[PDB]
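Written below as structure tokens is the structure these notes are about.
The figures that follow rest on heavy atoms only: side chains count, while hydrogens, waters and symmetry mates do not. All chains are named by letter (A, B, ...) in the order of the sequence lines, taking the proteins before the strands, and each is independently numbered beginning at 1.
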Amino acid sequence: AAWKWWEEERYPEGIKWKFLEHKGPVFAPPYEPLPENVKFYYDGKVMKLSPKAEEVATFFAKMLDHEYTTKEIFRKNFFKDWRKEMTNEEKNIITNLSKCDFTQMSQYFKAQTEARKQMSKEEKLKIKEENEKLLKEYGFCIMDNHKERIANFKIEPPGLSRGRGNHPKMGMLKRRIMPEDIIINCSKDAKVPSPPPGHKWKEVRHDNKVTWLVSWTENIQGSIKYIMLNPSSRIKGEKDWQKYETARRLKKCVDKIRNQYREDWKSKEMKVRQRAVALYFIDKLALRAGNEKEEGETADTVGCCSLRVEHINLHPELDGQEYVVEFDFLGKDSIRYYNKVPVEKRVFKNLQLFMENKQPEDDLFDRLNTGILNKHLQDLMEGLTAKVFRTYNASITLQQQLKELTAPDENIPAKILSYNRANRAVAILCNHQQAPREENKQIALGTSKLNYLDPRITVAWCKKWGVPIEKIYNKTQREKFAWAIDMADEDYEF
DNA sequence: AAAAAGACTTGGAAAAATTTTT
DNA sequence: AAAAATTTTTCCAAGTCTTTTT
Ligand SMILES: *[C][C@@](*)(*)C(*)(*)(*)(*)(O*)(C(*)(*)(*)(=O*)[O@@](*)(*)*)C1(*)(*)(*)=C(*)(*)(*)([C](*)O*)C(*)(*)(*)(=O*)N2(*)(*)(*)[C@@](*)(*)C3(*)(*)(*)=C(*)(*)(*)([N@](*)(*)=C4(*)(*)(*)[C@](*)(*)=C(*)(*)C(*)(*)(*)(O*)=C(*)(*)(*)([C@@](*)(*)N(*)(*)(*)([C]*)[C]*)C4(*)(*)(*)=[C@]3(*)*)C2(*)(*)(*)=[C@@]1(*)*
């Protein structure tokens, strides 16, 4: 029988668990060497590469078809990192990447892909059965009286970094994660997981103030990557329920907050004027609270608080509309945001004052960062941060649009059209793009449907119109939103 | 403070598995 | 059979906000 964690007494703040036991992470499949017939060339002559160098060479060979393997930054980074993985004998022969011929390696990898879909019933069924025994042995964990699923237990294989957009580190080598890089987290009364034969873990800790099971440091950015519980668990779902509850508490406080920031545009001090114009953008246009990145780590992308002077172009009268602000920046994942939006009279006058005596490279809202904006938002409502406005706007627009687009006389397949049409409006507001059915050509429903929309709004909609939840939510989503699907009436109001 | 770390939050695109069209 | 159009898993990062160092 399935566990209804939502009927339980809410888990206390501070300590995340009392008990934790798991079988550790599943390491990336080992490197299968190149056979004798698959040769590498340098200056037209054959050259057998050492195992370490040959492994790095394969990553490039597999990506050879893409246009990014011809870029300055990619090639510079790849070659620099391939030098480290070479022997002193190889370092003296291989001076540049351009005299290297990977074409034969590339052909073998295409040949293996063509040979992988031609497998028998003893190969196609066997590998899918060894994946199932792996899913049941390492894909589950015990955390406080119950067996819950683990998210991504299979650690990512080594390769070359690409990232999203115009990334400075594209082409850098993602190293193979070893047991000696793993920090295991579990309880003192639990059976500490066994490392692969011949190896030992980096650390075995017992921190109950955190929710992760396994952690390590990746080399590209230096940040800690984690292995946590799947979305269907108590620890993730309760936090997901609390996120929506916070957005619901902002609903009965928004009119009071909107009136306050409208008055703040007139204030004597500029520290308050900028804070209010930035909050106006976050409320109206659902922008992300733009944190400050370190120059040269990730692609140059901004958000609301990190907006520069060059990202906006002021127009008093354009297209027959008053006070137009033309936004043109790259948001998260290098997705372009473009909107010609008519603002209030005081907001336009304020933006003119913020763009004065400044160069294009300078920050628009100086004397303001994400911490100052969130410190103020905490003084208005408890637990309020800038991303709560995005959750609020997305969820309320779905509720509003579902009421507006669903009609009583329509059939079940036609009602699904209306749900997806309401979901479309949420994706346009949140700027969730999908690169090139005529409507949803450039729009992506996935991100909002799972991160942004209180699932109870959908469960309420479904029980009202007689649409079974399986027509809206698939197998995996139904498990993530189980709390909502069980506990929720037709009368749910955000 | 205020930089740096740490711990959460937020798929779409490319491939492979099928299914349908020629 | 053989190819094309769909469906569906496999591949791969980047923000937000909190907590620690410097
Ligand atoms: C595409 C879309 C995005 O980007 C946004 O929007 O933001 C995303 C999402 C949504 O929300 C999600 O969810 N996700 C998850 C994940 C991702 N990415 C990635 C990359 C890489 C890797 O490796 C991974 C895995 N790990 C293990 C965690 C991932 C995941 C995203 C995105």
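- Going from atom CD1 of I335(A) over to atom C1' of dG12(B) covers 8 Å, rounded to whole Å.
- Residue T211(A) places at least one side-chain N or O closer than 4.0 Å to OP1 or OP2 of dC8(B).
- Within 4.0 Å of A299(A), counting heavy atoms only, lies no atom of the nucleic acid at all.
- Just one of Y473(A), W6(A), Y244(A) meets the ring-ring contact (aromatic ring centres under 6.0 Å, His included) condition when paired with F481(A); it is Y473(A).
- Taking 4.0 angstrom as the limit, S223(A) places none of its side-chain polar atoms (N or O) nearer than this to OP1 or OP2 of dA5(B).
- Contact check, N291(A) against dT16(C): a side-chain N or O comes under 4.0 Å of OP1 or OP2.
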What does the B/S/- profile of nucleotides 2-12 of chain C look like, 5' to 3', with a 4.0 Å heavy-atom cutoff to protein?
----------B

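- Ion pairing between a basic and an acidic side chain is recognised when a charged N comes within 4.0 Å of a carboxylate O; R249(A) and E382(A) show no such pairing.
- For the pair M119(A) and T217(A), both in contact range of DNA chain B, the more 5′-proximal nearest nucleotide belongs to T217(A).
- Atom CG in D333(A) sits about 9 Å away from atom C1' in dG11(B), given to the nearest Å.
- Judged by the 6.0 Å distance and 45° axis criteria, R456(A) is not positioned over the aromatic ring of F494(A).
- As rounded to whole Å, 12 Å separates atom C1' of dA4(B) from atom CD of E292(A).
- With sequence neighbours left out, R176(A) forms a salt bridge (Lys or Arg N to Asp or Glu O under 4.0 Å) with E55(A).
- In this structure, the side chain to side chain donor-acceptor pair (under 3.5 Å) partners of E218(A), at least two apart in sequence or on a different chain, are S223(A).
- Checked against the 6.0 Å centroid threshold, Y68(A) and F74(A) count as a close aromatic pair.
- Cation-pi geometry between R390(A) and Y452(A) is met: the NZ or CZ atom falls under 6.0 Å from the ring centre, inside 45° of the normal.
- Backbone-only contact: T113(A) has heavy atoms under 4.0 Å from sugar-phosphate atoms and none from a base.
- Distance from the side chain of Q221(A) is smallest to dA14(C) among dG11(B), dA14(C), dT9(B).
- Residue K387(A) places none of its side-chain N or O atoms closer than 4.0 Å to OP1 or OP2 of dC17(C).
- In this structure, the nucleotide among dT9(B), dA7(B), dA14(C) sitting nearest to the side chain of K243(A) is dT9(B).
- Of the candidate nucleotides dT16(C), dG11(B), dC17(C), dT16(C) has the atom lying nearest to any side-chain atom of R288(A).
- At the phosphate of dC17(C), OP1 or OP2 sits under 4.0 Å from a side-chain N or O atom of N374(A).
- Across the interface with DNA chain B, nearest-nucleotide mapping of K117(A) and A444(A) shows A444(A) to be the residue nearer the 5′ end.
- Distances were taken from every side-chain heavy atom of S161(A) (C-beta onward) to each of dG12(B), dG11(B), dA13(C); the shortest belongs to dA13(C).
- Taking every side-chain heavy atom of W212(A) into account, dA7(B) is the closest of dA7(B), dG12(B), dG11(B).
- Sparse packing is recorded around CD of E67(A), with 12 or fewer heavy atoms of other residues, nucleotides or ligands lying under 6.0 Å away.
- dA13(B) atom P lies 13 Å from atom NE2 of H66(A), rounded to whole Å.
- Look at CD1 on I372(A): it is 14 Å from P on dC17(C), rounded to the nearest Å.
- Within 4.0 Å (heavy atoms only), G371(A) reaches no atom of the nucleic acid at all.
- In the set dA14(C), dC8(B), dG12(B), the nucleotide with an atom closest to the side chain of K332(A) is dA14(C).
- Rounded to an integer number of Å, the gap from CG of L384(A) to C1' of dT16(C) is 14 Å.
- The cationic atom of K62(A) (NZ for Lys, CZ for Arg) lies less than 6.0 Å from the six-membered ring centre of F109(A) and within 45° of the ring axis.
- Between the OH atom of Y226(A) and the P atom of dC8(B) there is a distance of 7 Å, rounded to whole Å.
- Atoms CG (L445(A)) and P (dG12(B)) sit 8 Å apart, rounded to a whole Å.
- The phosphate of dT16(C) has neither OP1 nor OP2 within less than 4.0 Å of any side-chain N or O from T385(A).
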